[PDB]
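Participant: take this sequence and fold it.
(3 chains)
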Amino acid sequence: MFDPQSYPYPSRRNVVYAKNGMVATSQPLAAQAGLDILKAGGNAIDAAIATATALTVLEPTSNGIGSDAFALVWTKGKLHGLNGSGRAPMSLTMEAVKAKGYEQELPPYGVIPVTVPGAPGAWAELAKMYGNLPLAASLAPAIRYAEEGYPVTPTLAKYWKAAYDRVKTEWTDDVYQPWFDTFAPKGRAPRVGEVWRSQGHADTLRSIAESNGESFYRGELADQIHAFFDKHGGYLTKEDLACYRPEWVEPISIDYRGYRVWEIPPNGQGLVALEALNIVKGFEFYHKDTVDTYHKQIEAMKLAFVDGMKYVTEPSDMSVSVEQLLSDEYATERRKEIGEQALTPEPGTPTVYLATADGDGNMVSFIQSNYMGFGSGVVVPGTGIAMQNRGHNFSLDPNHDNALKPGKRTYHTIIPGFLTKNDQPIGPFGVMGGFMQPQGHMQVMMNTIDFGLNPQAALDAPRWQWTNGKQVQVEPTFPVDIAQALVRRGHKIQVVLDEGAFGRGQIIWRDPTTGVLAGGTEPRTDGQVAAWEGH
Amino acid sequence: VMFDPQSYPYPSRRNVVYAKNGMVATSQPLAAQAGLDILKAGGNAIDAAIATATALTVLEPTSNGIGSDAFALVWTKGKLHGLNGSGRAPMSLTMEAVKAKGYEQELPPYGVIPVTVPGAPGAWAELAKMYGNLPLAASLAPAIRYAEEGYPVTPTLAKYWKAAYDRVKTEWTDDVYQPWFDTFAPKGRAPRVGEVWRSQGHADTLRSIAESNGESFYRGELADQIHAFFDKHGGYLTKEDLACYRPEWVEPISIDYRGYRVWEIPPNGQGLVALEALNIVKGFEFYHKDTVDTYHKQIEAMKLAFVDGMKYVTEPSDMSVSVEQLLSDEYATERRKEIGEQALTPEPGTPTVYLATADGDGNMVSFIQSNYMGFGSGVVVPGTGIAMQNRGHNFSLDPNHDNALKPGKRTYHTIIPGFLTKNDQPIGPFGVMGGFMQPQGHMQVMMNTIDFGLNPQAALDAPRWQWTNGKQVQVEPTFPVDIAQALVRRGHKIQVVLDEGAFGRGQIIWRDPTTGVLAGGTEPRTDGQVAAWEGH
Amino acid sequence: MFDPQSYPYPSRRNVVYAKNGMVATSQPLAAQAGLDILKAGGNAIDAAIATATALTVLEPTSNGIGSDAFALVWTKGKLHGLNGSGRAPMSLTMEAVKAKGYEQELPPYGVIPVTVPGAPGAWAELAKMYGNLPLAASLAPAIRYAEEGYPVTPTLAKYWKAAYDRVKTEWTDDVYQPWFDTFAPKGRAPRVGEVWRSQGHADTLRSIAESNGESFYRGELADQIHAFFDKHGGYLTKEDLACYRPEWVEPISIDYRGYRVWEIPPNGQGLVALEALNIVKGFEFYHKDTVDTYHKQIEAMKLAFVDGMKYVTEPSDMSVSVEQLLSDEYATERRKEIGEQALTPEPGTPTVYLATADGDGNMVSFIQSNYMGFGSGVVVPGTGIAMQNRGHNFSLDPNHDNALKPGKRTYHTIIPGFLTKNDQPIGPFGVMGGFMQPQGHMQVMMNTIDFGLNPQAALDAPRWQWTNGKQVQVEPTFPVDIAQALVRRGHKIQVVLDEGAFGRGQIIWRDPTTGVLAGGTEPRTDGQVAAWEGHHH
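Facilitator: Numbering: from 1, shown residues only, chains lettered A, B, ... in the order given. Okay, here it is:
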C-alpha cells in the first residue's frame, strides 16, 4: 500500500499538563482506563490498578495476570512501598533442580522457573488500603477489553510475532499448548490491525474482581493453577499461593543534590541506582553532553551494578546491609576506583511501567512483569493466566546470596522510582527494561536534577547502557564525537540499532507550589500521557 | 527558578496511532477527549467532530470562537458531502459606507466593522441533524463542562494568549473591546502556565444553542443580544443578518492526482488553490521528495495557482471565471509552461482549529473553524463569551476585484478542510491549519502521501516551506540546508524562519480500504493528540 | 591542555580546482612531494612516484618499501595498467607450510607470508616508460623526509601505537627486532608532535634512485634482503627478487550508463566492483538515499564478491574467464537471485591511495600496500624495508583456484580505478581499505554516475560495507530510518563507530571539454587535494 513503518524525519512531543489527574503508560487504551476510573470517582491509586490490569490484556508481550508487581504510592503526605513480589515454591530446592540436569542456571521456560504471581494480590491490597473504588470498578475496563477485543498496533505485533516464531519451534510440549490457544488462536501471532480477544482473561479478571484477589491465591483459580502444575511436574502448589500476601515495605533513598531519590528496598534492584547516584554525587557536572559526564555516569553505574548483583536478594539472605552499601564513606571508597581509563568492574565490601497522579496530591509509581516477555510460557488453560518466569533470576551457586531457596523471593529487576524534595512529593518515574532499569533510573534522575530537562526531554535524551565488562551500548542518536572519545578512554562502545533495546520511560512531575502536573511519555514506543480535568 | 523550562534539546519520535472503532485527531488533547467521550456515548464520527469543535471553542480561544464560521467534508453512507458554514457580510455593509468612514485600501482588522455572520453554530446544528446520532446537547456537553469547571493553560496556549493581550492592551482602548478583557483577561492579564481559566459566558451560550438546535444564536435570544451590542457601537451586524443565515450543503470539488482524488470545498473557500497547484505539478514526475528539483516544482506550481486563486476565488456568483476552467488539464499545461529553471515572479492567468474524526462504521470527517485572526475582531458580546470573527477583513475594497465587498456576500475564505479518496473508496480527512499556508500545506501533505509514500505522522513531521510575497519563500529550521542554498542559486529568496507555529498545524487520519484499520498522525509542532477508541 | 581530538561540529570541504596539476593523497606532505615534482618539470606519472615513495616514509602504518603496487595511468590518449604485484617465493609450497603446523591459512606475521615486494620495480618502470624525470629527482623529497624527519599526526600516532601495543607482546623473536629498532626507536611508538626519522629509509631510497630499482632486486639490497631471510628460515631468495619484473597488463572495463569503469585485471580484485556494477546496471535508481537503492547496491555487491573470492587469482590458475564473469547474460543470471529479502550469498558459474593529474592530459591512479598495516613485521635491518605480508591471502585448500603455489601471485586487495566516457579520460579514483575496496569503488561510481555528486561529496557520503553473510556494517552517519528498513528486509546491519574502518578515498575528475580538474579528498583522515599552476618547458 502507501505507508510503512518508516519515520524519515524527527518529531516533537510537548510536555503534557494537567491539574486534576494524569496517567502516563505504554498503551494509550490503558491510560484511558485510568482516566475512566478517575472520572468514576477514583483516585490515583484506583487509576493505577485500572491501568495495571488493563495492561495485562493490552500488552501481553510484557505482562500477565501471572506477574508480580511493585509500587511506590504517595498519599496523605507519606511515601509507601508495596512489594508484590512472590516467593519461590516451597518444593523448589537447589538440589531438586540440580538432580534434573540444570546446575548453572535454571531453565528460562516451563514450570520450573515459575514463582508465585504477586500482582493480583498487589492490586487488591492497593485498592483496600488507599483506593476509593472496589476492585470490580477499577478493573472493569480491563474486563471490557478482554471480552470485546482490541486492534493490535505494529509495535505490539512485532514482539508478538517474535515470541511466536522463536517459540513455535522451541515449545513442543503439552505445557505450552494453552499459550498457543490463548495468544496464537489463529495458528499465528495476530497481524497489524487484527482484533485479539481473550474470554479467559475476562473470566479470571472478573473472578479476582469479585473476590478481592482471594480466588487467585486461596480460591477457585488457585485450584486451577495448582492442578495444571501438578499435572506437569511443577513445584507450584495451592499452599504456596495460599500464604502469599503483598508486603508493605519501607522505601529507601539517597539525598541527591537536595532531592531524594526513592526506590523499593532489596528483593528489588533499585539499590543499584541509589548507590550509583551516591558514587557519582561526589563529582560536579554543570553540562550533560560532555565526555566527562557520560564517563563518570557509566563508571559509577558499573561499580554499583556489580555490587547490587553480588549482594541484593531477599533481605534475610543478604550478606551486607542496605545501610552499608548506601553510606557516604563507601560511596567515596568506590569513587576512588574511578580513574581516567575505563575500569573493569568488581564488587566491593562494607515489563510494563505506569505513572498516575491526581488533584488531591496522590501519586503512584507502578510496575509489573512476567520477567521474560510472556514469561514462562505456562498459561493455565482457559484462564489466560500467563505465568511469570521470575525464578530464572535465582543463582544455583550455593555461595551466592541470591541462591535458590524454597520460599525465598529473588533479586528483582522491576523497580518503580519516586522523586521527592524537602518532604514534598515531586513524582513517580520508571524506565522499563530488565537490567537497563537502574541505568535508566540514573539517567532520568541526572537529566532532571543535574541538567534541568523537562519530563519529556528527559525521556527524549539519548541513552547508554552497560552490559558486560567494558561493553557499553549506546543509541543511534548518541553523540558520535563523545562516543568516539569514550572509546579512546577504554570503553568498548557499541551503537545499537535495535528499537526498544533502551527501555520505556514515563514521568509525571508535580510542582509543589502551584500543584500543576507535567508529564512525559516514552517516544520510542506507542503510549501516552493523558490529562483529566473533571470532578 | 525550578527544574525545567520550554527547552527541547533532543529530537523526539511520534509513532503512528492505530485504531478500528474510532479516532479523533486535533490540536487540543482534551478536545480529542471530548470526541472520544461522544463516541463512547454512542455517537458516530460526525457527533465526535461537533463534540471536538465545540470543545475547541473553549479549550483554544486563541484560534477560535463561538462567533466563528466553519467548513467540513464529511464521508458517510459511501458519499462525500461538503458543508459551507461560512456566513455572509452584513446587509448594511457596503463598499461606499466604509469608504466614507476613512478606510479605502482594506477594512480594519479589529472592531465591529470586519465582522461577518458567524456560521459555525449553525454548521454544528445542521451536521448533527443530518448525519449525527446524538442530539446537540449530548455532543456539546463536554465543551460546556470545560467552560464551567475550567482548564489549566498549557505553555503554548499561554504564549499566544499573552501575545494577544500585550499587543492589544495598548491597541484596544474602546468600549467595544471591554468584554474581551472581562472574558479573556479576567485577572487583568492573560492567564499564566498552569493557571485555570473558565468562562460561565461560554457555558451559558453553548447550553443555549444546545437546547435550541442553534436557533437561539441566529433567530432567538442570543441573536438579540448580539444585535443589541452591535447596534450600540455602530456595527452593521443585525438580527435579520443572523436570522436568514443557513449553512449550505455544497458540492465538493476534486482533482485526479496519480490515481487518488484530492477533495476540497468549492469557492468561497480557497481549497481551489491546492487543487490547481497539484494539477500543474501533476505533469512532472518526481520519484524522490528531498531533491532541489522536487521543492522547485512544488514551490513554483504553488505560486502560480495561489495568484490565480487570489484573483478569481470568491462567492461563486461574483466569480469572473469558472471552477471548471481553472481546474482543466489544458489550463494546467498553460501555467506549467511558465515554470522554468529560474524562480518566476508569479502572475495571474486566464481561461484556526483543524480536527479529524473517523469511526468503525466508515464515517469520516474533516472539520475546520476559525475566527480568522486569532481571537478575531475583539468584539465579544458581553457576558456570553461569543468572540466575533473578523473574516470580513478578507474582502477587497477595489471595486474591479471579484472579491469586492458587497452586502450579503461571503468572502474568499482561508479555512479549508481536505479529503482524500481512491477509486470511490474513502481514505481520509486531512488539513493543515494556518491562514495562507493552508493550500501550501495541503499540497505538501498530498505529495508527501501520494508521491513519496510517507505515513500520516511522517507526512506531518516533514520539514515545510511556504511562499509569501513574490520570490519570497520561508522555510523551517529543519529544511535541508544544501537544498535551500541550491534554491537560492535558482532565484528563490529563501528565508529560514525560527518562529514556532508559523508553518501551521496538521492532522491526518487514513483508513485502509481493505482491512479498515485507521492510522493517524498529529501535529508535532504543538500540543495535540491522535487518540483511539475501541468500545461498542 | 586546551584541545583534544574532539570535533563536536560538522565541517565543510570545498571541491578543489586546478588546471596544470593536482595531487590527491592521504598525507599532506606526500601531496606536497608530487607538487614539488610537478614544479621541477615532472608530469603526473613523476608526481605519482614522488608521492608514492614519500608515503613510504610518511605513512609507515599503511605502507613500506617492501610493498607491492598497482597503477592505471592515462597518457597519450591511452589507458595503461601496471601490475606491480610480486609472486610467491619459489621454495614456498603448500606441503612445505603444511609440514610446519599451519594448514588452514598461513600465519599473518614473520618470514612465511612474505612475497616479493613489487613496488620499487613498479616505480622504476613507471619512470622509465612515461615519466620526464629520473627516479633520483622524483624520489628526492621522500629521501629528504626520511633523513630530516617529520612530526607525527594524531591519526598516524593512533595506528602506530596500536601496532606497537598489540605487537610488543606478540612479536618476541629475533626477526621482529629490526622493526622495533626502526619504528619504535625510543622503546615506544612516536607520540603526537614527536619527530620520527629513519636513516635506513633514506639510504635505501637513495640506493634505488641511483640504480633504477636494480639494487633492490638484483643488486646489493637484494643481497641484504636474501641474507636476513636465509638467517631466519625464510623462503625469499636472491633469485626470487632477481627475476621479478613489473608487468604491463591490459585493463578491463564495464559500460556503466555510458561511462566505462576501469580496473586492473585478475591477480587484482577490481573484477568484483565491475561485476557488481554489471549486476546493478539492470536496475534503475533515480535517487541515492532510498532503502531500494542501498538494498540493490548491497545485494549486487554480495553476489559479485563471493564470485571474485572463488575465482580471482593468477590468470593462469583461474578456473573461469574474466569475459564470462563480466558478461551481460551472467549479470542477468545473478540479478535474478536478488529478491526483496536479504540473500545469503553464494558463488555462481559460467594501504595508501593516491591520484595525480597534469595540464598535458596525463592522469594516474596509484595504490600500494604491505597488506596488513606494517606488513609481516620483517624489517631487513638498518635499511627500513618493511616487508609486506601479501602471501597471507593465499588459500591452503588445494581445490581453491587461489591455492598457494611457488612463483604464483595471489588474489590482491589493492585496486586502483579509472573512469572514462567515450574514449575521453575523466579520471583516477580509489577507496583504500582491504576488502572494503570494491565496495568503495561501487559506491563512488554510483555516487558519481547515478547520483551526480561532486568528487568531495562522493567521498563525504556515508558508507556501508558487507562482511560475512547477511552482515553489513554502516557508518554513524548512515541514515537511521534506511538502516532499520534494511533490517526489516533481513540485513544484519551494524553501526560501526570505528574511525577509518570504511576506507580512504581520493578522486580527481577532468572535464573533457574545458580541461578543468576537480578534486576530492578523504575527510575521515589527514590528507589533501592540492593544486599546481606553474609552467613546463
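
Participant: residues in the stretch 351-500 of chain A within reach of chain C, list them.
Facilitator: A:476-477, A:479-481, A:483-485, A:487-488, A:493-497, A:499 (C-beta under 8 Å from any C-beta of the partner chain). To be clear about C-beta, it is placed using only N, CA and C from the backbone, and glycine gets the same treatment.

Participant: I'd like the list of these that fall within strands, please.
Facilitator: A:493-495 (DSSP state E).

Participant: residue A:294 sits in which helix or strand?
Facilitator: Element membership for residue A:294, per DSSP states H and E: helix A:291-311.

Participant: contacts for stretch A:141-153 next, please.
Facilitator: For stretch A:141-153, contacts defined as C-beta atoms under 8 Å, 6 or more residues apart in numbering or on different chains pick out A:29, A:32-33, A:36-37, A:50, A:53-54, A:56-58, A:160, A:190-202, A:205-206, A:209, A:384, A:526, B:18-20, B:517, B:534-536.

Participant: so who does the residue nearest the centre of chain A touch?
Facilitator: Centroid-nearest residue in chain A: residue A:414, 3.8 Å away (criterion: C-alpha atoms, centre = their mean). Counting by C-beta under 8 Å, 6+ apart, residue A:414 touches A:68-70, A:85, A:268, A:351, A:367-369, A:437.

Participant: likewise residue A:261?
Facilitator: A:253-254, A:273-274, A:277, A:417-419, A:441, A:445.

Participant: which of those residues fall within helices?
Facilitator: A:273-274, A:277, A:441, A:445 (DSSP state H).

Participant: quick check: the farthest pair among these?
Facilitator: Farthest pair in these (C-beta to C-beta) is A:274 and A:445. Separation: 9.7 Å.

Participant: the residue of chain A at minimum distance from chain C bridge partners, please.
Facilitator: Using C-beta to the nearest C-beta, the closest approach of chain A to chain C is made by residue A:495 at 3.9 Å. Going by DSSP bridges, residue A:495 is paired in beta bridges with residue A:474, residue C:495.

Participant: that one contacts residue A:484, correct?
Facilitator: No - using C-beta atoms under 8 Å, residue A:495 makes no contact with residue A:484, being 10.6 Å away.

Participant: returning to what we had before: residues contacting the residue of chain A closest to chain C?
Facilitator: For residue A:495, the contacting residues are A:473-476, A:478, A:483, C:476, C:495-497, by C-beta under 8 Å, 6+ apart.

Participant: let's go with 6 Å and repeat that
Facilitator: Each residue near residue A:495 by C-beta atoms under 6 Å, 6 or more residues apart in numbering or on different chains is listed here: A:474, A:476, C:495, C:497.

Participant: closest to chain B among these?
Facilitator: Nearest to chain B out of the contacts of residue A:495 is residue A:476 (C-beta to the nearest C-beta; 11.0 Å).

Participant: run a quick neighbour tally on that closest one.
Facilitator: 19 (other C-beta atoms under 10 Å in any protein chain shown).

Participant: give me the contacts around the helix holding residue A:294.
Facilitator: So helix A:291-311 is contacted by A:269, A:271-272, A:275-276, A:279-280, A:283, A:285, A:319-320, A:334, A:338, A:345, A:347-348, A:401, A:439, A:442, A:466, A:472, A:482, A:485 (C-beta under 6 Å, 6+ apart).

Participant: quick check: PyMOL command selecting the buried ones in the residues you listed.
Facilitator: To isolate the buried ones among the contacts of helix A:291-311 in PyMOL, judged by 16 or more other C-beta atoms under 10 Å in any protein chain shown, type:
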select buried, chain A and resi 269+271+272+275+276+279+280+320+334+338+345+348+401+439+442+466+472+482+485
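
Participant: which two among the contacts of residue A:261 are spaced furthest apart?
Facilitator: Applying C-beta to C-beta across the contacts of residue A:261, the maximum distance is between A:277 and A:418, 13.6 Å.

Participant: how far is stretch A:108-123 from where the chain is centred?
Facilitator: Relative to the chain's own centre, stretch A:108-123 is displaced by 14 Å; criterion: C-alpha atoms, centre = their mean, to the nearest Å.

Participant: what's the span of that stretch from first residue to last?
Facilitator: 26 Å (C-alpha to C-alpha, to the nearest Å).

Participant: list the contacts of that stretch.
Facilitator: The contact list for stretch A:108-123, computed with C-beta under 6 Å, 6+ apart, reads A:49, A:66-69, A:82, A:84-88, A:106, A:208, A:213, A:216, A:229, A:232, A:234, A:236, A:240-241, A:244, A:246, A:368, A:376-378, A:387-392.

Participant: cool, stretch A:359-374 as well?
Facilitator: A:19-20, A:43-45, A:48, A:52, A:61, A:64, A:67, A:69-75, A:119, A:163, A:351-354, A:356-357, A:386, A:388-390, A:414, A:416-418, A:425, A:427-428, A:430.

Participant: likewise for stretch A:7-24?
Facilitator: A:31, A:34-35, A:38, A:47, A:51, A:355-359, A:454-456, A:506, A:508, A:517-519, A:521, A:523, A:529-533, B:11-14, B:152, B:154, B:458, B:461-462, B:524, B:527, C:481.

Participant: show me what counts as buried in that stretch.
Facilitator: For stretch A:7-24, a neighbour-count test (16+ other C-beta under 10 Å) marks A:7-9, A:11-24 as buried.

Participant: got it, and stretch A:170-186?
Facilitator: Under 16+ other C-beta under 10 Å, the buried positions of stretch A:170-186 are A:171, A:175-176, A:178-180, A:182-184.

Participant: sorry, back to before: make a ChimeraX selection of the buried ones in the contacts of stretch A:141-153.
Facilitator: What follows is the ChimeraX syntax for the buried subset of the contacts of stretch A:141-153, where burial is set by 16+ other C-beta under 10 Å:
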select /A:29,32,33,36,37,50,53,54,56,57,58,160,190,191,192,193,194,196,198,200,201,202,205,206,209,384,526 /B:18,19,20,517,534,535
